[PDB]
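Protein chains in written order, with PDB author numbering: chain t, 219 to 738; chain v, 399 to 447.
First comes the structure, then the notes that go with it.
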Amino acid sequence: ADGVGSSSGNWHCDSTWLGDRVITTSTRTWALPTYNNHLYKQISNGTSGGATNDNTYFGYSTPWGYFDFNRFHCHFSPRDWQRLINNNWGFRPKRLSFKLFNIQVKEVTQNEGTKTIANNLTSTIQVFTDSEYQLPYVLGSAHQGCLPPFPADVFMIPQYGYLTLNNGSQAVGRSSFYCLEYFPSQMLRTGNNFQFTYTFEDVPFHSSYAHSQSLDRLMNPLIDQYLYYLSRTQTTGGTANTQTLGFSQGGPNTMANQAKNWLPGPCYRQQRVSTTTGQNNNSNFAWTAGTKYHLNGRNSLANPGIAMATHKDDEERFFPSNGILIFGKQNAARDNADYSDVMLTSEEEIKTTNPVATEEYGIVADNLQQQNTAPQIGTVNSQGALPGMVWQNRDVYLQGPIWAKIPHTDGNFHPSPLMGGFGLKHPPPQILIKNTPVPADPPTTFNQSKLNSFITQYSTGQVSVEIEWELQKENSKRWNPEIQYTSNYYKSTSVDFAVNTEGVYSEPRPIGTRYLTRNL
Amino acid sequence: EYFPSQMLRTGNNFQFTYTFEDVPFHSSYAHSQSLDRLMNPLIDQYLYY
């Protein structure tokens with residue numbers, strides 16, 4: 219049975235590689251504190267305080283907390299991530315299991331200056347999953363508070379909150395309030411455990427590979443085309459130079475002129491920034507020159523935006539202003555961190571199919587030329603979908619997110635999340651957890667006011683998550699060797715992806731998925 | 399007049415049936431959230447700008 223003196227689960231951290239499948243399992247130790255002193259609170263921000271209109275909000279913070287494993291380093295060790303990206307053309311999630319076990323509730327009393335902590339054996343926690351998607355879904359915004367990448371670390375559970383419609387700092391009639399105690403929930407004492415299972419819906423494999431061809435090079439280099447293009451509008455001669463028409467076939471020496479079947483993907487142009495700072499304009503342009511969208515009178519940066527190549531050849535010092543993912547190095551500051559404290563990703567691989575984020579999409583015609591008027595052209599800085607476009611998605615990273623919830627709407631176009639990962643109409647459900655309030659002694663004459671005098675408590679336990687992943691094997695006939703992700707050979711003060719002398723785990727660099735190649 | 403047609407005198411009647419093809423439900427509702435507000439208001443992101 220389950221009692222005070224027996225454990226309700228075991229520690230599972232493992233990975234198993236079987237054929238076309240890999241199964242990861244992770245266990246961590248968590249600590250859960252009481253939030254808001256058991257209260258729900260209205261929160262808002264408005265111009266009155268001095269915020270700009272672009273930052274206003276209205277919402278609620280709750281006493282509850284939630285579990286989040288939406289980063290890949292929750293499930294994969296760095297060596298496992300190497301096995302995946304060097305050997306496979308793609309992967310996708312299939313199913314998951316979740317367990318919550320070995321739960322301990324503790325009470326802390328304050329007397330004079332000294333603080334003491336004891337067990338409370340009869341207290342509970344409450345847990346439920348939102349399986350019908352009835353709550354605002356705050357997973358998928360890339361918040362802090364996921365399970366830690368390193369299995370020995372103990373993490374704090376984050377507080378749940380949400381936003382609803384606002385006008386300035388005020389609410390409107392359509393604004394919704396939610397009470398989370400209004401769902402069914404399971405209550406657990408120190409001997410109880412909790413578990414559920416979930417199945418992923420069909421989703422396309424993430425493409426982990428780069429193309430070894432480019433979209434404008436798909437032709438046979440040895441042969442002419444049978445089609446023709448207009449090669450000459452004027453006679454080339456001694457003196458006159460009158461109007462003429464002349465035509466040529468496309469061939470090996472004019473590839474720019476040949477007829478083609480396909481177009482590069484869409485473009486929304488970003489401003490370019492150099493990591494060599496003396497090359498940048500001297501001014502503070504991050505917001506005023508930023509790439510933005512405009513919704514209901516608010517301006518919001520398109521960050522990272524649609525997938526575009528970070529730079530062209532030999533340009534690596536440049537990046538789009540708001541167009542890339544940027545991670546932190548360990549102990550990086552929250553505000554105004556220096557360039558040496560952060561890690562910049564590069565989407566450079568998709569340069570074959572996708573326009574570079576800092577250039578125009580192309581050129582079109584402005585006017586109607588004639589004998590009287592010379593022709594004029596114009597530059598295309600944003601281009602939506604054209605028939606014949608092909609494109610790649612943004613890459614995924616070991617530090618980065620896995621899935622997002624597709625918003626429930628009448629229409630969408632190519633619902634792949636812009637921060638990267640798998641779009642899901644029915645994502646893995648969110649998991650809510652709370653300490654049950656325990657009153658301090660009531661008065662001995664009746665009073666109708668709600669009791670707000672409590673014994674301070676927190677809880678701890680273990681959590682397990684297990685995901686099964688499907689693999690897509692690499693089939694290539696390429697003769698020469700591939701690029702692989704590898705560790706450095708040379709000696710160093712510390713080992714990458716390990717602890718230091720102080721005990722702190724760190725991740726030296728971001729690692730994407732695209733190493734193997736494939737024909738376009 | 400180049401199609402087949404049914405002719406009716408004062409005692410006759412006419413009828414037919416039809417089945418709609420699968421179509422998505424019209425959405426009769428407004429959203430209570432906005433697209434730029436979907437985040438958790440209490441927590442920082444781990445990304446940088």
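From the three backbone atoms N, C-alpha and C, an ideal C-beta is built for every residue, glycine too.
Query	Result
Proximity test, Cβ basis, 7 Å: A360 of chain t and chain v	yes
Rounded straight-line distance, which links the Cα of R450 of chain t to that of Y444 of chain t	18 Å
CA-to-CA distance, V681 of chain t to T247 of chain t, given in whole angstroms	7 Å
Residues near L381 of chain t in its chain [Cβ-Cβ closer than 6 Å; skip 5 each side]	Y275, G277
The alpha helix (DSSP H) enclosing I649 of chain t, as first and last residue numbers	Premise fails: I649 of chain t lies in the beta strand (DSSP E), 649-653, not in any alpha helix (DSSP H).
From t:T454, t:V656, t:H626, t:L636, residue whose alpha carbon lies closest to that of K643 of chain t	t:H626
Buried/exposed call for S226 of chain t, threshold 16 Cβ in 10 Å	buried
Selection from t:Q413, t:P281, t:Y427, t:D553 that minimises the alpha carbon distance to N304 of chain t	t:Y427
Member of t:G221, t:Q610, t:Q666 whose CA lies at the smallest distance from the CA of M526 of chain t	t:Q610
Chain v within 7 Å of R392 of chain t, Cβ atoms only	yes
Closest by C-alpha distance to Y733 of chain t, when choosing among t:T453, t:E419, t:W299	t:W299
Rounded distance between the beta-carbons of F309 of chain t and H424 of chain t, thought under 8 Å	6 Å
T242 of chain t burial status per 10 Å Cβ neighbour count (16 or more: buried)	buried
Exposure label - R435 of chain v; buried when at least 16 CB within 10 Å	buried
Per DSSP, the bridge partner or partners of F412 of chain t	t:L318
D286 of chain t versus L318 of chain t: straight-line alpha-carbon distance, rounded	13 Å
Contact list for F545 of chain t against chain v, beta-carbon separation under 8 Å	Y444, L445, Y446
Those residues which DSSP pairs with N306 of chain t across a bridge	t:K691
Chain v contact residues for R516 of chain t, given Cβ-Cβ distances below 7 Å	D434
Every unbroken alpha helix (DSSP H) within the segment 522-557 of chain t, with a cutoff of 4 residues, ordered by chain	none
Per DSSP, cross-strand counterpart(s) of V574 of chain t	t:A527
Backbone CA spacing between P728 of chain t and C292 of chain t [nearest angstrom]	15 Å
Where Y427 of chain t sits in the DSSP three-state scheme	coil
Whole-angstrom C-beta distance between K530 of chain t and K478 of chain t, which should lie under 8 Å	Wrong, their Cβ atoms sit about 20 Å apart, outside the cutoff.
Closest residue to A370 of chain t among t:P633, t:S244, t:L562, t:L689 (Cα-Cα distance)	t:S244
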